[PDB]
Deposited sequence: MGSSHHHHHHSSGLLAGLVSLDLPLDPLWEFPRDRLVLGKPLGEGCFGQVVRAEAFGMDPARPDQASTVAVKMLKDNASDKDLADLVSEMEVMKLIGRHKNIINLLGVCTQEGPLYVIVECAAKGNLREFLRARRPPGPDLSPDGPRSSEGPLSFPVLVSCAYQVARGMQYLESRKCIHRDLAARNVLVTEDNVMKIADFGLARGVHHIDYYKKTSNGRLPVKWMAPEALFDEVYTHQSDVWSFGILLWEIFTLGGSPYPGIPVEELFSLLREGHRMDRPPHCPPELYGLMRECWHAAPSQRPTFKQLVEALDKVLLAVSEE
């Protein structure tokens, strides 16, 4: 085994990204059972120097296989290529030389967007402008990722993170999901930018149900039949009909008649200008 046998693991130095280990202070886990895997940390100088910011850090669990090493390197490498955008979880640096493998990313203090919304459900805080703002920002992030030839494949609210100032940041771009899959991905395993638009529709619905679970009481086995037979989710009560309209256009059976992310950005931007 690579990890079993090596005293030192000779990953190549990439100076664009290598980050000095003495500038990084590991903190508490950044999940439930995520000790030894994903943690909070403080990182100094990124630079506006001698100054600290909070970041997130992934590492290999003490029982990691060669496969886990590969997955983490792959993910690190994908994040190198994509570039920087305000509405994605950006790579900040890597520690690969002279010690354990660390992948360092932006930390969004408020967690994922499903739980952000669910926690703040009324019996306002989650007003229509707030919801539209979440929708708009996710759309901009996707427009960016699509421009970098990146198909997400698992765009869902659990995979959007919320910063201290309520900025949306898409995560898991560098890697039950069935309910978020376009028919052509379910049936034919084809993923396109337009299958991510479908996924976005579902995410919109998540937003407007304040973190609701899609297709309530429908077993994932029948979802395939139902969607082929033209089943679609209904309008959330927190949703004006004009928005439900967008949602439904995202779930058009024909990929070419779904809007693009550019159009979703522009439509949503107008709804903000209206308020």
| property | result |
| --- | --- |
| Gaps in the model, given as deposited-sequence positions counted from residue 1 | 1 to 12, 59 to 60, 138 to 150, 203 to 219, 320 to 322 |
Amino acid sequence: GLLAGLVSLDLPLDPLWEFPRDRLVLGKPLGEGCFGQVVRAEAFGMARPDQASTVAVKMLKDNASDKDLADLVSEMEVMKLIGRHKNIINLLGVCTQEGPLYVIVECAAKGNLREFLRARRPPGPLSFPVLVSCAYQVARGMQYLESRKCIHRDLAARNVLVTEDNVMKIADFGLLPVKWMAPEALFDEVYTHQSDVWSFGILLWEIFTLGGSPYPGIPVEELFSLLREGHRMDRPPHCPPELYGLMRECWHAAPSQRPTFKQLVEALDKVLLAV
From here on, numbers count along this sequence of modelled residues.
{"query": "Given 112 to 120 and 186 to 194, the range whose Cα B-factors average higher in the PDB entry", "finding": "186 to 194"}
{"query": "38 to 46 versus 209 to 217 - greater average Cα B-factor per the deposited record", "finding": "38 to 46"}
{"query": "Deposited CA B-factor, highest of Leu69, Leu226, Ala56, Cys250", "finding": "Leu226"}
{"query": "C-alpha B-factor winner, where the candidates are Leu60, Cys239, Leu26, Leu246", "finding": "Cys239"}
{"query": "Ranked C-alpha temperature factor of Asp154 among modelled chain residues, by third", "finding": "middle"}
{"query": "Record-listed C-alpha B factor of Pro125: chain third", "finding": "highest"}
{"query": "Record-listed C-alpha B factor of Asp10: chain third", "finding": "highest"}
{"query": "Assigned third (lowest, middle, highest) for the C-alpha B factor of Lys169", "finding": "lowest"}
{"query": "Lowest, middle or highest third - CA B-factor, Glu146", "finding": "middle"}
